[PDB]
Amino acid sequence: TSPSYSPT
Amino acid sequence: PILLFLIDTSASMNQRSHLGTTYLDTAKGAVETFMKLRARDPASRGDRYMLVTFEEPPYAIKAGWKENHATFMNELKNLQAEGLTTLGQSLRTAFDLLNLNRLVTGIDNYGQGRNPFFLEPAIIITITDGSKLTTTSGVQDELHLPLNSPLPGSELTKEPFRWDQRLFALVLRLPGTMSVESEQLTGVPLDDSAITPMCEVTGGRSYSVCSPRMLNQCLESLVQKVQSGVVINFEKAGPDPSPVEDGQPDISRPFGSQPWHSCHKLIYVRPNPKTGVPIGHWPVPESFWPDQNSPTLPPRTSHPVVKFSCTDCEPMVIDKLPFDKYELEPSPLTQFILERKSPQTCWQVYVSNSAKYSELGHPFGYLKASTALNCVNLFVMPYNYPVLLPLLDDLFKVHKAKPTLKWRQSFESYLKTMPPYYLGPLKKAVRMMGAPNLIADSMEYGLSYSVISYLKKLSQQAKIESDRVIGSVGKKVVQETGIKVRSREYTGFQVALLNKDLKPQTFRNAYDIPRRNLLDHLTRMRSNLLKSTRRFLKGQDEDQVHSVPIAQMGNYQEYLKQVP
Amino acid sequence: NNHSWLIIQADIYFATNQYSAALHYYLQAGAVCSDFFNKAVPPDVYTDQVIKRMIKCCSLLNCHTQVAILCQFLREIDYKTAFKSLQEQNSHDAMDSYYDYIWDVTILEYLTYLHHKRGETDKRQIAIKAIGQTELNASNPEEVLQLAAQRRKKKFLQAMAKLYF
């Protein structure tokens, strides 16, 4: 369920 | 006392000395050695050390009054040099915090004299290199303190500081190379900066440094300078005093205002060793008559402007009189008195416009040389003491605390000349000589209700301001990813900046793990998930953060071996 | 080889708004008057007016770090127009290369603040190291400071003389 880079 | 450190974080302290060390680090080391000396002093339990930077609020204040030594250490050491030389703004914010604290405490007896026993001794040290002032508008050649004050009630005082705050400025002038000249100076020369006039006005000696040895000399000078007192403007009243007949008449005497005619000086206010609270009985008179019909009060100065008449007069003493004797800082004034060598006489001190009809007013105290002629002490009596004291002598020597009608009307005329707020301490004084029924309980010349309600509403707004400052303090810097606007995916685009506090989760998220380490991390998650112990980990390198404590490790561990 | 006629020609071109040629002939005037900037330029040729002329010319030519360096060449530094020049982001003249040539602590401090404000960390690091140069410290006995200023003047002027013509 991670769709992108974590900090941004 | 309160210790405050306003430390520059302008890029000027990114210059380095011949030691290979930046000015910012030299400032941090100086502050460290300062608080080590202050802990060497047993008053460190009463000392509180707070920190202010030059940057914009709410991040201007670093350590609040509720913060501890550990947080203070962490903030002072982790300060970083990115600011600008906005000395006026930083000083304004610091003194606004001090005045907010003072009016929250409410010891500021506005319109009710100035109580010497109500003190909040604060020493603020501002550390700069002495470079030019920087502003987003441009350069500034003068220390212009900003005049727009969002804090309400600052108009009650003409100056942003008070008499219990002393500001000292350290100016860093360490040369780029090693100074070939060996410093044989035994003293600290004064600096040439725009901070220096404001330092002298608030009552401080701004120092400029060049080597660590005399830096330590400056630091121990400040350590000796950490005391509690009142900063008072001294002005000569009347003509010059008579020259001593034991010396030749000096033709070359300069005809003008002497520094001992007009010098700003501190008077030490020593607290009671039995209680730890300073004890005083008679506040200084105000520079206006207290009107019970005035809806507003005149703005008082930061320092009490008193005038001493140099006429030598006999200091009259009556037993059981509560008088306030305080010891003065050494000065050209005290030096001139101890050169005159007259401990048996005294010079009267007055406050202008302390009476309704008298511009100079009536005498409220005197300066008197000590018996050993080592110092000059200020003796503060009730206002118009040459009128009050013969009345007390007649009452307690002839009338036996049973006043006649002529004495009663003379005392009432004295009360009419007496400024309205003094009745309280006068009542306490008379009841401790032993006639509590001499002054009845019915009359109380209080201030006007409009001013009282204004002061109460001011105190409420000060409580709100203190609450919001307490909320605002302790907030770190906020790094932005804001939209960078540029011309020559619809005008709202921002390239993301790199964050040190990113802390990527390679195990939880797959968009980490760059191409070089991909196979190895893949085998690592597979080994983790197919090992599947009781504890599963989401970070490969959890070594530590800042420190490794043996006491904490032993506390988290258990030792089932007493061995007695 | 006549600095006066050089100034005349360059001022005519400044009137005709040919700023590239104006800088070209100003630099040729400087190279006429001094032996290719191996000595300090004489101020009677590089008066305050002439320097202000190439200030305006360079600002209209959009070399903002260069116009900042010429602001430093002025007898009294016009920090206001220097900050006005560094405010814009539409520069053309290698900011992170002329941070070596700049020698004033105040403009360097402004650069550091602006780079931190706009999040330009590597240029900010360059500026911090340039400040941390031990050559200039604003507390030196000023002989070293004048020598370093003269050296940077010579190298910067030869850099512009390499760029133009």
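Determine whether residue B:157 is in contact with a strand residue (DSSP E or B) (Cβ under 8 Å, 6 or more places away or on another chain), within 14 Å of chain C (Cβ to nearest Cβ) and surrounded by 18 or more Cβ atoms within 10 Å (Cβ to Cβ). Spelling it out, it is not the case that residue B:157 is in contact with a strand residue (DSSP E or B) (Cβ under 8 Å, 6 or more places away or on another chain), within 14 Å of chain C (Cβ to nearest Cβ) and surrounded by 18 or more Cβ atoms within 10 Å (Cβ to Cβ).
Residue-level check: of (1) among the hydrophobic types (A, V, I, L, M, F, W, C); (2) surrounded by fewer than 22 Cβ atoms within 10 Å (Cβ to Cβ); (3) within 11 Å of chain C (Cβ to nearest Cβ); (4) part of a helix (DSSP H, G or I), residue B:37 misses just (3). A single member of B:126, B:93, B:134 is crowded, with 18+ Cβ neighbours inside 10 Å and over 17 Å from the mean Cα position of the chain (by Cα), and it is B:134.
Identify all residues within segment B:113-160 that are assigned to a strand (DSSP E or B) and among the basic types (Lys, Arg); write none if there are none. Selection gives B:114 alone.
Residue B:225 meets all of the listed conditions (1) among the basic types (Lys, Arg); (2) under 14 Å from residue B:130 (Cβ atoms); (3) touching a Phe, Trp or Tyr at 6+ places or on another chain (Cβ under 9 Å) but one, namely (2). Taking residue C:114, is it buried (at least 17 other Cβ atoms within 10 Å of the Cβ) and more than 9 Å from chain B (Cβ to nearest Cβ)? Judged against the criteria, residue C:114 is a match. Restricting B:325, B:356 to those that are over 14 Å from residue B:232 (Cβ atoms) and part of a strand (DSSP E or B) reduces the list to B:325. Scanning segment B:172-191 for residues that are within 13 Å of chain C (Cβ to nearest Cβ), over 17 Å from residue B:125 (Cα atoms) and under 33 Å from the mean Cα position of the chain (by Cα) yields B:174, B:175. Among the residues of segment B:366-386, those that are of a type outside the set (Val, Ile, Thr), in a loop (DSSP other than H, G, I, E, B) and more than 19 Å from residue B:419 (Cα to Cα) comprise B:370, B:372, B:373, B:374, B:375. Scanning segment B:9-23 for residues that are of a type outside the set (S, T, N, Q) and more than 8 Å from chain C (Cβ to nearest Cβ) turns up B:13, B:19, B:20, B:23.
All of B:67, B:55 fail the test of being surrounded by 17 or more Cβ atoms within 10 Å (Cβ to Cβ), under 24 Å from residue B:546 (Cβ atoms) and out of contact with any strand residue (DSSP E or B) (no Cβ under 6 Å at 6 or more places or on another chain), apart from B:67.
In segment B:498-509, the residues that are more than 9 Å from chain A (Cβ to nearest Cβ) reach residues that are part of a loop (DSSP other than H, G, I, E, B) with C-beta atoms within less than 8 angstrom, at least six apart or across chains, in these pairs: B:506/B:512; B:506/B:513; B:506/B:539; B:506/B:540; B:507/B:537; B:507/B:538; B:507/B:539; B:507/B:540. Among the residues of segment C:44-81, which ones are of a type in the set (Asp, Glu) and crowded, with 18+ Cβ neighbours inside 10 Å? Residue satisfying the conditions is C:78 alone. The residue that is nearest to the other protein chains (Cβ to nearest Cβ), among those in segment C:133-165 that are in a loop (DSSP other than H, G, I, E, B), loosely packed, with under 15 Cβ neighbours inside 10 Å and not hydroxyl-bearing (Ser, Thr, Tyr), is C:141. Among residues of segment C:120-132 being out of contact with any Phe, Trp or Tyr (no Cβ under 7 Å at 6 or more places or on another chain) and not acidic (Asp, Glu), the one that is farthest from the other protein chains (Cβ to nearest Cβ) is C:123. Can you find even one residue in segment B:71-88 that is at positive phi and in a loop (DSSP other than H, G, I, E, B)? No: segment B:71-88 contains no residue that is at positive phi and in a loop (DSSP other than H, G, I, E, B). Regarding residue C:84, is this residue part of a helix (DSSP H, G or I), of a type outside the set (S, T, N, Q), surrounded by fewer than 18 Cβ atoms within 10 Å (Cβ to Cβ) and over 18 Å from the mean Cα position of the chain (by Cα)? So residue C:84 does not fit the description; no. Return a yes/no flag: does segment B:56-70 have any residue that is away from chain C (no Cβ under 14 Å), over 29 Å from residue C:108 (Cα atoms) and basic (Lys, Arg). The answer is yes, given that some residue of segment B:56-70 is away from chain C (no Cβ under 14 Å), over 29 Å from residue C:108 (Cα atoms) and basic (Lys, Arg). Per this entry, residue B:512 is counted among residues that are part of a loop (DSSP other than H, G, I, E, B), within 29 Å of residue A:7 (Cβ to Cβ) and of a type outside the set (A, V, I, L, M).
Regarding residue B:477, is this residue closer than 30 Å to residue B:102 by Cβ and within 14 Å of another protein chain (Cβ to nearest Cβ)? Yes: the conditions hold for residue B:477.
On the stretch given as segment B:311-351, residues that are farther than 15 Å from residue B:261 by Cβ, polar (S, T, N, Q) and surrounded by fewer than 17 Cβ atoms within 10 Å (Cβ to Cβ) total 3. In the set (1) part of a loop (DSSP other than H, G, I, E, B); (2) among the acidic types (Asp, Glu); (3) farther than 21 Å from residue B:117 by Cα, residue B:312 fails one condition alone, (1). When each of B:230, B:201 is tested for being crowded, with 21+ Cβ neighbours inside 10 Å and more than 14 Å from chain C (Cβ to nearest Cβ), the lone residue that passes is B:230. Applying the condition of being polar (S, T, N, Q) and in a loop (DSSP other than H, G, I, E, B) to segment B:451-487 and asking which residue is surrounded by the most Cβ atoms within 10 Å (Cβ to Cβ) yields B:481.
Applying a threshold of 8 Å to beta carbon distances and a minimum spacing of six or more residues, or different chains, the list of pairs starting in segment B:539-564 at a residue that is part of a loop (DSSP other than H, G, I, E, B) and ending at one that is aromatic (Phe, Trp, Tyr) reads B:539/B:507; B:540/B:507.
Quick check on segment B:352-388: of everything there that is over 28 Å from the mean Cα position of the chain (by Cα) and among the hydroxyl-bearing types (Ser, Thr, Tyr), which residue is surrounded by the fewest Cβ atoms within 10 Å (Cβ to Cβ)? Among those that are over 28 Å from the mean Cα position of the chain (by Cα) and among the hydroxyl-bearing types (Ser, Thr, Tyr), it is B:357.
Of the residues making up segment B:142-195, those that are within 30 Å of residue B:96 (Cα to Cα) and among the polar types (S, T, N, Q) are B:148, B:149, B:154, B:157, B:165, B:193.
Every number here is computed from the coordinates shown, using simple stated rules; none is lab data. Note that each Cβ is placed from the backbone with ideal geometry, even for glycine, and that neighbours are counted across all protein chains shown.
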